[PDB]
Amino acid sequence: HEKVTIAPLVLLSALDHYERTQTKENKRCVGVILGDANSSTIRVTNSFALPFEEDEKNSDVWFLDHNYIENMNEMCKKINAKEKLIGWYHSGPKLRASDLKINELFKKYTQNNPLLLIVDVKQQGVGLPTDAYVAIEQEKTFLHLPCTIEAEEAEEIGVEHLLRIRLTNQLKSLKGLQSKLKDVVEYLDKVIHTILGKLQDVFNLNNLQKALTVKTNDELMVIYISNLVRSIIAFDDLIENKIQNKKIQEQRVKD
Amino acid sequence: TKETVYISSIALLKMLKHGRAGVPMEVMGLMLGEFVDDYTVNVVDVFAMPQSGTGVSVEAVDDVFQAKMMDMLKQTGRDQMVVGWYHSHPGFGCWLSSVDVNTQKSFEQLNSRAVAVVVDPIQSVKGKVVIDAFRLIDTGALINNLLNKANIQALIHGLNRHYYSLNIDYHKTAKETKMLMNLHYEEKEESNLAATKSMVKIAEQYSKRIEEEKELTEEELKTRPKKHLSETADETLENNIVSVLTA
Amino acid sequence: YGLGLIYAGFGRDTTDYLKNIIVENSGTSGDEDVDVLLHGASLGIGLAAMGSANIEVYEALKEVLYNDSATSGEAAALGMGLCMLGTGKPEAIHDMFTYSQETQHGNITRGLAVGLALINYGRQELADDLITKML
């Protein structure tokens, strides 16, 4: 199966690459990823920029090489064996008509099915940058795949050296529902189950936490009593401080 | 003056990735970028040389490899010139191996601003990376720049080259910095899940703080310790704030 | 550098005198011997022309930045701030402010930071716009 682990180097390369090649809005940057993917856990362990150009006449007419792919994987192999190519890279502008159409060409020199990592590697979006997709036709049919990170023991320690709640999640929740409604209205208009049906009745009854509140309450007294002992304890420590001050004053008066 | 070495996120990480896998019994390699000197030197990127059975010396820089790699980098925007060379070695405060200096010296007849940087993964598993950068001294620069320096003046008229330590710094963009901290979606959705499963386990976590408190009170008796108790009190407060938040 | 120290507070002659040295030595940057000469040159002129604001000096020290010499750019940057002290153009603030961002030598960047602080001397609330911009 699938369960995808993604190098922080992948995200950071894609970022740096887009500015450094002077790639604007209304030009794509396309790439390759390789690692190990013949396993239940797809390991993305490296990646590389691919030469990509798109024409004035129609911008779903485009050029990707395959020779930069022929001999570059056989330089990837030579530092770390097991870092052949299984798929591909995108920075956006996202979800175009010919963003389907790199799939049939990338099927020519992959060993399973092109894995499509679109990533918002300008880091401009809000939330996830990773718009991961298994590249399946049928058109831009595009089942998404959830999973970023897992990296090496050395890299994570290095990451931390570089860098050195309920509401935020609720606001996200509100925005999805609000978006979902807007879509449903649009969808009726254009046209002229179960997941939605569990997302209404189930939550109707902090909402869920209500039913639970009965059980919570009993333990809730107990954990409250525990905080009260701690308050007494702070008072006890306090009394010593008052004495310390009291002593000093007393010595100053003798003297 | 002399150099201050800004290493990029991807450069630092590549240095650690290659060095660890290439182990002592070494792999060697090249640093890429450029700078305009006297206070700005940048290492953008790095790549690995492919292990050669004569340890990590000038003989291990495969010139065809480096040439093919530089050309291919160029076609994807990432190619630049050598700003020095890096590796992996036994680790020394006087130079990580004998080979790295003897390689560095050949480079030094060409360049006059090329560094040797190595990270040693032996001492980078105490949870704090041990990384060094050293270069040899040059005449007519490190005496013209930094009684005056009698010491370093007799040193340069003398040896002509000797190790000196270069500073470790970092430089990274804001774009990287923003979009690490939404990974480190998994964190927000993971946060909901974690709250739910915490309330499940609370049966046990309850009981142990009950125990902690019994020890705590007993302790204060024996003394008559206080410090622990206060820390011990604070912690318990934090945990309840969390227990209440869950539900 | 030492002449510019003395003749601050009555730099009228010395500013002009020094200016002729600035324009001269803008070509020469091939040796650290000239960078140290042009470095004093920039200190001096900024110091001599303090308290009045001569745009003539500002424009001269600015071409030393475009030629991008590592020592001399620190003295020129700080020098524009000294010269224009408390009597700057609003335009001068904006041009200076953009150039900090442009410059990729550490020293020129350091000198334009301090440079920007000087040029607002005595403004009070009138500097509030620039405080925000630097932060």
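Numbers run from 1 along the shown chain.
From the backbone N, Cα and C atoms, a Cβ is placed for every residue, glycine too.
For the ranges B:87-100, B:101-114, B:171-184, the feature annotated in Swiss-Prot as motif 'JAMM motif' maps to B:87-100. Taking 8 Å as the upper bound (exclusive) on CB-CB distance to chain C, the binding-site residues B:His87, B:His89, B:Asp100 give none. When Cβ atoms from all protein chains are considered, those within 10 Å of B:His87 (Zn(2+) binding site) total 27, not counting its own. Annotated Zn(2+) site B:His87, B:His89, B:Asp100; additional same-chain residues within 8 Å of its Cβ mean position, judged by their own Cβ, are B:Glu26, B:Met28, B:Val56, B:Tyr86, B:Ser88, B:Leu96, B:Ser97, B:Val99, B:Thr103, B:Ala116, B:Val118. Around the Cβ of B:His89 (Zn(2+) binding site), 25 further Cβ atoms fall within 10 Å across all displayed protein chains. Around B:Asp100 (Zn(2+) binding site), the C-beta neighbours below 8 angstroms that are at least 6 residues distant in the chain are B:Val56, B:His87, B:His89, B:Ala116, B:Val118.
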